[PDB]
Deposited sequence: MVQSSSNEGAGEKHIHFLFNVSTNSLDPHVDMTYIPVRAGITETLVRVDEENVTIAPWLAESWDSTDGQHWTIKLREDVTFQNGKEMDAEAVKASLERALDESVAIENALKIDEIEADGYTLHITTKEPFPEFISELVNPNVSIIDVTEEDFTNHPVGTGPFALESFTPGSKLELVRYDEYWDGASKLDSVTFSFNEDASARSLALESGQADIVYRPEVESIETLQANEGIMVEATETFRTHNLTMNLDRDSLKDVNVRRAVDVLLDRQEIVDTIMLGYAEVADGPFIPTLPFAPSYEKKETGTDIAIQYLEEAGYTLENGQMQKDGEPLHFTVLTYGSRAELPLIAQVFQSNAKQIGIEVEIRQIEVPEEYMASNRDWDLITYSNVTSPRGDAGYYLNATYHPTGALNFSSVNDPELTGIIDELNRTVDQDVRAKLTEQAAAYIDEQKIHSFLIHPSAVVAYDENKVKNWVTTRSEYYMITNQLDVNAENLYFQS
């Protein structure tokens, strides 16, 4: 018998893919979405749906595959998909408010969806594991979701494990796995042990101090992958210091990104050359740059700052107040390293450990930089991020960022339906954000997986982090 025990990060007492928020239904391979993020190109690809169109971004048309069936056997047709979408809008306010769906008419396998208003980024919302398609003619959602995954649910123990049996008629080709145990444990080293003791085959996010021990075990492999989140120093352009391009350029060099990968992240991360990961279809190639305490001086010089007896221009000291916070324990360390480099070069930094990012609007005033963090391309689209962080009106715009050329692009971008041009515009906004150095992008933290190399075949660690248990896995 072919069995895989996968031991997961996070627990849950529900398997309602609509209320859940842990995305476990999709993670354990019960459940799937109309549309996915392709592992090869990192773009929005059809899964449950074959294709889509929108002349105008408001009237959307989705053709679905004619060959899919739910685990219980029933056909998956537009009506079924209507039901599921609907059950999902009437059950989660988050889903309701994000999908923006006015109406959904059904016929055969095509669907007609009308968003409240033109929603160019509508399709990318269907990637959300939340909107995974389930059979609604099947009542026990907390404990028994019936979806289209390669694994049907056998049994469920809230707060503990779930049990899954291969589904024999899975539309994309049946697992060779006889069965999977998908279980949860919130303690990182408990996880490490479980793998070591051989009580688990695959562990997600194993302990960082231990990672050294396991790795070394004869037969255990650890993979790591780039995620969509990026760490950065977010700047405050309402400050005169930073209104200068070269003052920014300089901050951008004061930190040695590789040393963050190693001295702090421990290797559990990758250098960011920007907000977007290289593999994305809309990421720029970047000139490969040298960046240390030396190179800082040169930019700060061009800007008009020399070190006298303290960096200064004219009569006033150069300094920054760099906020940081608790929620992410490596951030305060980047903070402390930044101030250690600042001082080598003439600059004092007040490191202020704030709690919450609300402070930026309230404290408003004082602060120059914050050791911050965003997911920039949550399901292959960067339109929300960019608009939020860069457009004058942007919800998250706290650096009083307002560059009309940029706003130019974001504007066309928000009025643009076609996936390939959305792509072209994002590269430009990216490019432009580089040239003008609007923030400093430090690292991309890694999702990390460890597993028994000799039992487990074809584990892929996915960037979206939505995909873990899948038909491809074997023992």
{"property": "Ranges missing from the model, given as deposited sequence positions", "result": "1 to 11, 321, 488 to 496"}
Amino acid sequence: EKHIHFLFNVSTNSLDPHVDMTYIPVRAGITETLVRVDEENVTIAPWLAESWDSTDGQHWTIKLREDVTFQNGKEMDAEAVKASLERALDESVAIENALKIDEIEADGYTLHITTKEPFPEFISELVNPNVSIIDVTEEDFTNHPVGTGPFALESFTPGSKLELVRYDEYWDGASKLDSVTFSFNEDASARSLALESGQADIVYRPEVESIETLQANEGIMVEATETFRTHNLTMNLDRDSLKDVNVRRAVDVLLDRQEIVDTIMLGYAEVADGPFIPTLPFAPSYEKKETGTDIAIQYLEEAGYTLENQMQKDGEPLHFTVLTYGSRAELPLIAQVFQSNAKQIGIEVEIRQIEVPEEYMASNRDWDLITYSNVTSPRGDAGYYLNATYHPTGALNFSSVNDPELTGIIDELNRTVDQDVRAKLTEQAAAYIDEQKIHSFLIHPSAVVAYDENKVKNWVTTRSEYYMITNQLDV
From here on, numbers count along this sequence of modelled residues.
{"query": "Mean temperature factor over C-alpha atoms, higher-scoring stretch between 347 to 355 and 164 to 172", "finding": "347 to 355"}
{"query": "Average Cα temperature factor in the PDB entry - higher stretch of 393 to 401, 70 to 78", "finding": "393 to 401"}
{"query": "Member of 265, 101, 375, 94 with the greatest C-alpha B factor (per the PDB record)", "finding": "265"}
{"query": "Maximum C-alpha temperature factor, selected from 321, 148, 279, 232", "finding": "321"}
{"query": "CA B-factor placement of residue 387, once the chain's modelled residues are sorted into thirds", "finding": "middle"}
{"query": "Where the record places residue 313 (Cα B-factor, split into thirds across the chain)", "finding": "highest"}
{"query": "Residue 184 - which third its CA temperature factor falls in, relative to the rest of the chain", "finding": "middle"}
{"query": "Third of the chain, ranked by Cα B-factor, where residue 112 sits", "finding": "lowest"}
{"query": "Relative C-alpha B-factor of residue 152, binned into the chain's lowest, middle or highest third", "finding": "lowest"}
